[PDB]
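J.: Structure, please.
(one chain, ligands or ions: 2)
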Amino acid sequence: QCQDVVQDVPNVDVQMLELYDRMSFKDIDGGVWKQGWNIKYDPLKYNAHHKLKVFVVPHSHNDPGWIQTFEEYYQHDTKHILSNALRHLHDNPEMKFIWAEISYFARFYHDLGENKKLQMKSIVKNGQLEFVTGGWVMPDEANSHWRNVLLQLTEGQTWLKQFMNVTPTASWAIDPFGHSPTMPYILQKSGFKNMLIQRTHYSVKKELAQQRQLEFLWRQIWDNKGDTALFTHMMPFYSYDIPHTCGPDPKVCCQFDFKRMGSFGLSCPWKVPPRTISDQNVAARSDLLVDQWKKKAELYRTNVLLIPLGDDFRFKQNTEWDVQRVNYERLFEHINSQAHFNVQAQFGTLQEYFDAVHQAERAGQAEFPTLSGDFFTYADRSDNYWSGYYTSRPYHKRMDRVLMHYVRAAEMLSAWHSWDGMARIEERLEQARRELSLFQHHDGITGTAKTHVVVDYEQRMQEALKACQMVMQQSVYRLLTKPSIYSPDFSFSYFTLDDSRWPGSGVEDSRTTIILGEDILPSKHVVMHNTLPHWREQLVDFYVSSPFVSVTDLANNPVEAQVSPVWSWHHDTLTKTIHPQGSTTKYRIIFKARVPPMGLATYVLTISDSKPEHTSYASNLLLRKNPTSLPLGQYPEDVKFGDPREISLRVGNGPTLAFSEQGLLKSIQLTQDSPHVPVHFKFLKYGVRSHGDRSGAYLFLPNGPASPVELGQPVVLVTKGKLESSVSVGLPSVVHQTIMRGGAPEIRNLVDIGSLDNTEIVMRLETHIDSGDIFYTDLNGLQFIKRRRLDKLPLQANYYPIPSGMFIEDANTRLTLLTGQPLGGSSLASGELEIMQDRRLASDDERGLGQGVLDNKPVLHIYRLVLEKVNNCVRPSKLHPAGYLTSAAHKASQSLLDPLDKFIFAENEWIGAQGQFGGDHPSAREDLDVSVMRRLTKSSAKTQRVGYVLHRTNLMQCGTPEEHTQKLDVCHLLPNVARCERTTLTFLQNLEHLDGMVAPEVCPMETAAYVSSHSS
Ligand SMILES: CC(C)(C)c1ccc(CC[C@H]2CC[C@@H](O)[C@@H]3[C@H](O)[C@H](O)CN23)cc1
Ligand SMILES: [Zn+2]
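T.: Numbering: from 1, shown residues only. Ligands and ions are numbered 1, 2, ... in the order given. And now the structure:
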């Protein structure tokens, strides 16, 4: 039944890792096609019986924020583009136009009067205006999580189905900076038949063009059968603009951009202007244009040619619509009437192009190659590799992952009930989904926008977090209060969220202290939520106003707890040291919470006069020369001091970690008997070139390999507890922390690059693992792909996105680093892993942004570090392009991305409180996730509908007995089920009516969607 994703290497015509190994990547002058060759064709190829069919496709690339904000561009440009498209298409029935960004289209359509709404629907229904992709945005493909690529796709397509009555089946991605196979994966499971891409390495375009492999069936790297395949068109030239879309010679194509004659303030840099088409020049102009088209056609296999016609924010002015349309109409009338050309040219849409290509395929005219792999890391010219944006603006990259999880938790917690309109649940969730979707844009999460635009995206995401908190806390109050007592004010705050890692300690003082006292309040209820569909334990922590606090469950059973101080790090501008201060007023309490699948668990925190029986207190040791006292108020244990030294720590039965005198990891010992395996953390810095091209928001152009950060004699703080221990050190630009709770450690870096211009800070791991030139990185949090370091390419070409994790391995040992934020990284030598923390760049890199990156702010990066023996694991063969996580590594990733949520009851007494929700939910096998749970109907619908996205990853078999778990049937999670359907991933089309109303579990590496219908 299920394909084996480990043991069968797919047979494909093009495999990108293998192609990379063989290619030479020489950057030679190809002539007018600077990165190609002088294309030749046989004029006799086309004739009366075999004509070249040419589709000229007008378009306008509209960024939802870049140099201006979304709203600034809407007011200045996009509202005029859309208004004039409506008028011009209405008045000219043969003219066509494609549109990608639904965030803008929705913003426009809601402001139109009814007369114009009807006109707009008519030009869509008749095929003149065609939506391509239909997502909220055209997202980044490097840093984005697959869950959020799906979220923004669904937001735009749901809008289109409701208001336009259409669902695109062709995708258009002309500007993201390199391309991911996560896109065809999601698109093919969302009803798509075709997709188009543009920004791939110039050497890749040349190689594929020579073999006519620019159109291909793109399947996943593990897919042996080919059921994931999606037909893909790669454009062949340097840009999507008119000079790089008519043919190989931009000096010629520029003459066919009729906006460049002067009055629009545009010109042709190749020094020959366009000229108005007339009866006296149309034969010579047609000669030149058809010659360009026939050259382009030589690179493809059918007699159907795609010619995009557009650029950024084009088709704004009425006069521009006229100048392009009238000149092209004169060319078509001539060309189409001159038999000697054997061409039929017309305005078209993207779908019309793909339909004609496949008609040719079915007529036996062409067969297409199969392809797997990705298209990172992009270079547009010379050694200019776009690996800088894997790290740029890292504060907002981390915020993306925080809001990702809060959107999932708010949608899931509120899905359990139907809500009155007055509760504003749908309103708040729509806002949250739309702001997170907007940020997936290729100038949002990428960190490539102007400073004031980054500020706009941040403000929008903060509003979205506040929306999620409101929805979550109203839902907890309803799920855990006796129904006949439940008395909501939908504007009131019953709970406040407590989040230990966002914005994080030393970033923002945002967390509330639980205030207890004999003369004010003896106790406080807290609740934990677990969005994952299996029973979960996790340590949780809260700030409390006394160290003498104990924890009980809601059966009044004692729960073991640990109290630690609250430590903050300060750059002391007097002593010129970075050192910690302990609170005299607040303390941390830590305990293990145990929470049902997709459920809630309540605990109680109670003050006492003295040390509680079931609460312990951490010891604290400050290692530094020249110490001064550190008082901690009521904290029962005195801080200890010492000169810097090496130290070792072990929590529970977990690993034993050894640290250098500078507070950095030096070894891990897995068990009592086992070796101390060398695993060393080191911080280094890259700089910028003093001559030639400069690093900026997009480009990473280092001045050689990185140099060690000079550490001096840093201050190291060691906290030792029964439940949690840690080592923290104040380094220049980074407070580095290693935390131990009995399994793989958690690493946290508080990164403040300060005023260090032209510096990139990297965290490196050095091991003696015999990895050679191989490492693995993930794609969109969905899959791990094999990388090979290539010494034939420069350092920056060997950097890849690290959206969620990376690893190196040999026959016996693996080291995996999981991340809570997307960052750039590599393995530049055998046994090494490295990941960039932040970058501050004084110069612009000449890709249109017009500024460096000088707006850095403190960010708390989070990680898990997993060292494992792998000699017993069943792994793919040497030729397989994929890799897979172990159970421990996958759970460590989930701990970063989807932790327990923590709620503190706001008032003094919670009347009607209950102890647990979800105790009867099935606890599914560990590789299965409910990625999305979303109610799809408002309260007035007679038949309620709930949508689920189910994802099964693939974990290595390494000899651990599988325990029994329960089957998860999402269609029976809510009562009174009347129907269960399998749908596309956007929920917009029903694909299968399911027997017995049971939703089957999915295969490894597959994602399915189901909708349950319920009688209400
Ligand atoms: C020549 C000059 C002015 C430096 C320049 C260079 C490049 C560009 C286009 C940049 C591309 C790729 C990066 C990307 O950030 C931008 C926006 O998303 C916009 O849609 C055009 N894109 C625009 C202008
Ligand atoms: Zn763009």
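
J.: Cross-check the contact I'm expecting between residue 533 and residue 929.
T.: Yes. Counting by C-beta atoms under 8 Å, residue 533 touches residue 929, with 6.7 Å between them. Where C-beta positions appear, they are placed from N, C-alpha and C, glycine not excepted.

J.: Pick out whichever of those two has more residues nearby.
T.: residue 533 (27 against 22; other C-beta atoms under 10 Å).

J.: Check the gap between that one and ligand 2 for me.
T.: 38 Å (C-beta to the ion, to the nearest Å).

J.: Outline the domain layout of the protein.
T.: For the chain, the structural domains run 1-382, 383-493, 494-618+899-920, 619-898, 921-1016, going by curated CATH domains.

J.: among those domains, which is the most enclosed?
T.: Sort the domains of the chain by mean neighbour count, taking mean count of other C-beta atoms under 10 Å, and domain 383-493 sits at the top with a mean of 21.

J.: now do the same end-to-end measure for that domain.
T.: Using C-alpha to C-alpha, to the nearest Å, one end of domain 383-493 lies 54 Å from the other.

J.: Equivalent analysis for stretch 372-392, please.
T.: End-to-end distance for stretch 372-392: 28 Å, by C-alpha to C-alpha.

J.: anything in that stretch near ligand 2?
T.: No. On the criterion C-beta under 5 Å from the ion, stretch 372-392 is out of touch with ligand 2, staying 12.5 Å away.

J.: Show me how far that stretch is from its chain's centre.
T.: Relative to its parent chain, stretch 372-392 has a centroid offset of 16 Å by C-alpha atoms, centre = their mean, to the nearest Å.

J.: Residue most distant from the centroid, the protein?
T.: For the chain, the largest distance from the centre (C-alpha atoms, centre = their mean) belongs to residue 280, which lies 54.2 Å off.

J.: if I look at that residue, how far off is ligand 1?
T.: Shown here: residue 280 relative to ligand 1, a distance of 35 Å by C-beta to the nearest ligand atom, to the nearest Å.

J.: can you check residue 74 too?
T.: 15 Å.

J.: who's in contact with that residue?
T.: 104, 107-108 (C-beta atoms under 8 Å, 6 or more residues apart in numbering).

J.: and it, helix, strand or coil?
T.: Judged by DSSP: H, G, I helix; E, B strand; the rest coil, the three-state class of residue 74 is helix.

J.: and residue 678, what element?
T.: Using DSSP states H and E, residue 678 falls within strand 676-686.

J.: And the following helix or strand past that strand, what does it pack against?
T.: Of the helices and strands lying after strand 676-686 in sequence (DSSP H and E), the nearest is strand 707-708. Helices and strands touching strand 707-708, by 3 or more C-beta pairs under 8 Å, 6 or more residues apart in numbering; DSSP states H and E, are strand 676-686.

J.: Give me the sheet partners of the strand it packs on and which way each runs.
T.: strand 665-669 (antiparallel), strand 707-708 (antiparallel), strand 759-767 (antiparallel) (DSSP bridges).

J.: can you tell which of these is closest to ligand 2?
T.: strand 759-767 (24.5 Å; C-beta to the ion).

J.: Return the residues of this protein in contact with ligand 2.
T.: Near ligand 2, when you scan the chain using C-beta under 5 Å from the ion, you find 63, 175.

J.: what residues does the chain put near ligand 1?
T.: Residues of the chain lying close to ligand 1 by C-beta under 6 Å from any ligand atom are 61, 63, 66, 175, 312, 442-443, 448, 846-848.

J.: Nearest to residue 368 among these?
T.: Of all the residues of the chain next to ligand 1, residue 175 has the smallest distance to residue 368: 24.8 Å, by C-beta to C-beta.

J.: I'd assumed residue 235 was in contact with that closest one.
T.: No. Using C-beta under 8 Å, residue 175 is not in contact with residue 235; the gap is 11.4 Å.

J.: got any residues that touch both of these two?
T.: Common neighbours of residue 175 and residue 235 are listed as residue 198 (criterion: C-beta under 8 Å, 6+ apart).

J.: now the strands for the stretch 1-150 of the chain?
T.: Ranges of strands within the stretch 1-150 of the chain are 14-15, 52-61, 97-99, 129-131, based on DSSP state E, counting those that start in this stretch.

J.: backbone phi and psi for the nearest residue to residue 417 once chain neighbours are set aside, please?
T.: Distances taken as C-beta to C-beta, 6 or more residues apart in numbering put residue 478 closest to residue 417, at 6.2 Å, once the chain neighbours are dropped. Backbone torsions of residue 478, given as degrees, to the nearest 10, read phi -70, psi -40.

J.: gap between residue 478 and residue 917?
T.: 10 Å (C-beta to C-beta, to the nearest Å).

J.: quick one, phi/psi of the residue nearest the centre of the chain?
T.: Against the mean C-alpha coordinate of the chain, by C-alpha atoms, centre = their mean, the closest residue is residue 144 at 1.5 Å. For residue 144, the backbone dihedrals are phi -70, psi 140 (criterion: degrees, to the nearest 10).

J.: Nearest to ligand 2: which residue in the stretch 801-950 of the chain?
T.: residue 848 (9.1 Å).

J.: roughly how far apart are the residue nearest to that residue when sequence neighbours are not counted and residue 808?
T.: Counting by C-beta to C-beta, 6+ apart, the nearest residue to residue 848 once its immediate chain neighbours are dropped is residue 67, at 7.4 Å. From residue 67 across to residue 808, the span is 40 Å (C-beta to C-beta).

J.: what does residue 845 give?
T.: Here the criterion is C-beta to C-beta. By it, residue 845 lies 30 Å from residue 808.

J.: For the stretch 451-600 of the chain, just list every one of the helices.
T.: Along the stretch 451-600 of the chain, counting by DSSP state H, counting those that start in this stretch, helices occupy 451-479.

J.: Report the separation between the closest residue to ligand 1 within it and residue 838.
T.: In the stretch 451-600 of the chain, the residue that lies nearest ligand 1 is residue 453 (10.9 Å; C-beta to the nearest ligand atom). As for residue 453, its distance to residue 838 is 19 Å (criterion: C-beta to C-beta).

J.: now what about stretch 490-498, what contacts it?
T.: Identification of contacts with stretch 490-498 by C-beta under 8 Å, 6+ apart yields 420, 422-424, 469-470, 472-474, 476-477, 511-512, 526-527, 542-543, 901-907, 910.

J.: what does stretch 346-364 give?
T.: Residues from elsewhere that reach stretch 346-364 (C-beta under 8 Å, 6+ apart): 53-58, 94-96, 98, 127, 130, 132, 168-170, 172, 193-194, 196, 215, 231, 233, 302-304, 306, 328, 332, 366-368.

J.: OK, contacts around residue 264?
T.: Shown in contact with residue 264 (C-beta under 8 Å, 6+ apart): 317, 320.
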